[PDB]
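Here is the structure we will look at, set down as structure tokens.
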Amino acid sequence: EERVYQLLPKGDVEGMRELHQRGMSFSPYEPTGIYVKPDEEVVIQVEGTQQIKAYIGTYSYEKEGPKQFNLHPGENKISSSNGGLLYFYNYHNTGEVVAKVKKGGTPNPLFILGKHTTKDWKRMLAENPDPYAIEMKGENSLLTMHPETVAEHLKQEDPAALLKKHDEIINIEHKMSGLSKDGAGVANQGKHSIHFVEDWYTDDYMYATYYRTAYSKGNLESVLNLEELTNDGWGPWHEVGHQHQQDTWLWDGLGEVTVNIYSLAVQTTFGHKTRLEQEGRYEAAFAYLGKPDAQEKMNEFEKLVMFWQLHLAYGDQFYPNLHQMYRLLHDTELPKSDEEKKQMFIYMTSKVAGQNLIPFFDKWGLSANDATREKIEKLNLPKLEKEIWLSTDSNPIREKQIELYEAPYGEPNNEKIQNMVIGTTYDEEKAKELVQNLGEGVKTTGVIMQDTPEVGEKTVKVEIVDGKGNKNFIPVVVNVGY
Ligand code: NI
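By our numbering, the letter at position 99 of the sequence shown is numbered 99, and the numbering carries on one by one without gaps.
As structure tokens, this is what we get:
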């Protein structure tokens, strides 16, 4: 009756979040399929050297949030007044960690894509009738659902096809973010999945926040019905989009705008006409072209037009390259205000495009200041040849297709998780030893950056450069001290 988990090293959700410049973390959960009752003591044994974290409870599934646990190697006795599902968090980057649940707890359906069969699923449901929850785990996704809700909306013999679709969507949004499984540094999507939670304790419709996206009662059809997710899945696409938004070009007014760049990505990828096109949002937005107050007048879907136009105009690679370029910014060049984010966006997009985009932004009433004009002027980029502010999906206006940014490769070095005096931004020698297996032509620059300077043992970013002059930041764990 001992249940053993081989917890892979996943790294830190907060780490990833900061490296990505995203507003909220991905899920830290590795599910166990073990429900633990209120006040039930669970005996769990951690083998090997490394310590890990654990949770009793599921974010957004109960009224009260999950209780959290630090597991020292050897024997532990954890317990929650509220009970809940058990999850493990091997937040380290190196070393698999074996955790054994010796006593306490009871089985709860957990279906893992690529591990379980239709037979296992059927058996699972029959053996654990009317359980606390249903959990379904894909490569990139986790679903924590009420059982009556799965029984109503799952239209397949097993959850496999559904998980594959959810993973497909998540990967599309990762891709749009210039983030991949293999990529190093600013291209690394990280090892954490996206969590979808049926939340019976909110009046909100759907929402996204740290660790998970959640869906209030009666609103789960497009998360659980494969055809609805595929064909009419805006809600979940959008909430996943929120977890993807990067704050560095998220000024006031864009919170409910840029999220839908990801949604439109999924929507067009699945072969559907854009919500923009269906809602006549283009013609509605064009009524403001050349009007100076356009940004104050346009609604959130109107403003979405401009952003999507750049996608149509340059490549599927536009937003992938834009995301990465923003992640390469040094501390002093991170935009500190709404106005700065705006001036920065005009500059950064022009560089990704390799064209002076000012006339385009001018049309949308996003005015470059003279500093931004001159700064783009010094780039000697060709002018816009077409009128891309008039672009629609049905009549797209395309400039040159741009290729994907090739980020230089490099790795951390955990040999010696090392010492650093806080606020160091350049150490030629230390930098060379924080990284390893760099690529060809590639070398450290000496630049070192800590996004939120805290003390002790946190991820710092080590800058690298290749023969071309393309940069990357490699995250590594360090001791930061006085
Ligand atoms: Ni939203």
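Every residue, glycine too, gets a C-beta built ideally from N, C-alpha and C.
In chain order, the residues with a C-beta atom nearer than 6 Å to some heavy atom of the ligand NI are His238, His242, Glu256 and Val259.
Between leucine 229 and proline 236, the C-beta gap is smaller than 9 Å, which places the two residues in contact. The beta carbons of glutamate 428 and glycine 467 sit no closer together than 9 Å. For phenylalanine 360, the uninterrupted alpha helix (DSSP H) segment begins and ends at 358 to 363. The alpha-carbon of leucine 304 is positioned some 9 Å away from that of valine 259.
In the three-state reduction of the DSSP assignment, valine 98 falls in the strand class. CA-CA distance, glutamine 278 to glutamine 68, rounds to 45 Å. Collapsing the DSSP output to three states places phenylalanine 286 in a helix. Between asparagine 108 and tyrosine 132 the beta-carbon gap is near 5 Å, inside 8 Å, which marks them as a contact. In this structure, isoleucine 464 sits away from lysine 430, with a CB-CB distance that is not shorter than 9 Å. Leaving aside the five residues that flank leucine 366 on each side, the residues in its chain whose CB is nearer than 7 Å to its CB run, in chain order, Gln295, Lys342 and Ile346. Looking from the CA of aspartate 393, the closest CA among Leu381, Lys273, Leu384 and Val480 belongs to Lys273. Distance from the CA atom of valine 197 to the CA atom of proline 159, rounded to whole angstroms, is 15 Å.
Sixteen is the threshold: since fewer than 16 other Cβ atoms of the shown chains lie within 10 Å of the Cβ of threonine 452, the residue is exposed. Here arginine 281 is buried. Its C-beta has 16 or more other C-beta atoms within 10 Å.
Counting every other CB atom within 10 Å of its CB across the protein chains shown gives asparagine 299 a total below 16, marking it as exposed. Classified as exposed, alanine 371 has fewer than 16 neighbouring CB atoms from the shown chains inside 10 Å of its CB. Annotation: the continuous beta strand (DSSP E) that includes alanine 214 extends over 212 to 216.
Rounded to the nearest angstrom, the gap between the Cα atoms of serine 81 and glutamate 30 is 21 Å. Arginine 398 carries a coil assignment under DSSP once its states are collapsed to helix, strand and coil. By the C-beta density criterion, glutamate 47 is exposed, having fewer than 16 other C-beta atoms within 10 angstroms. Unbroken alpha helix (DSSP H) stretches of 4 residues or longer found wholly inside the region 422 to 473: 428 to 434, given in chain order.
Your pair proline 475 and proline 412 checks out as a contact, with CB atoms roughly 7 Å apart and the cut at 8 Å. Cβ atoms of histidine 72 and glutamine 51 come within 8 Å of each other, at about 6 Å. Burial of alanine 285 is indicated by the presence of at least 16 other C-beta atoms within 10 angstroms of its C-beta. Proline 396 and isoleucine 261 have their C-alpha atoms some 16 Å from each other.
Sequence-distant Cβ neighbours of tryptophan 234 in its own chain, meaning closer than 8 Å and more than five residues away, are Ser222, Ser263, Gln267 and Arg275.
Distance from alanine 208 to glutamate 239 at the Cβ level is roughly 4 Å; contact confirmed, criterion being Cβ atoms closer than 8 Å. Contact fails between the region 165 to 174 and the region 315 to 330, because fewer than three Cβ pairs, one in each stretch, are under 8 Å apart. In chain order, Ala184 and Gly439 place their CB closer than 6 Å to the CB of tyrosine 409, counting only its own chain and leaving out the 5 sequence neighbours on each side. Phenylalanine 88 is positioned such that its CB atom lies closer than 9 Å to that of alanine 99. Remark: C-beta atoms of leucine 8 and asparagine 90 approach each other more closely than 9 Å. In this structure, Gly114 is the residue among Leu220, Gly114 and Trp308 with its C-alpha nearest to the C-alpha of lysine 137. Apart from the 5 residues on each side of it in sequence, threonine 32 sits with its Cβ closer than 6 Å to the Cβ of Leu86 in its chain, given in chain order. Assigned with DSSP and collapsed to three states, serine 222 falls in helix.
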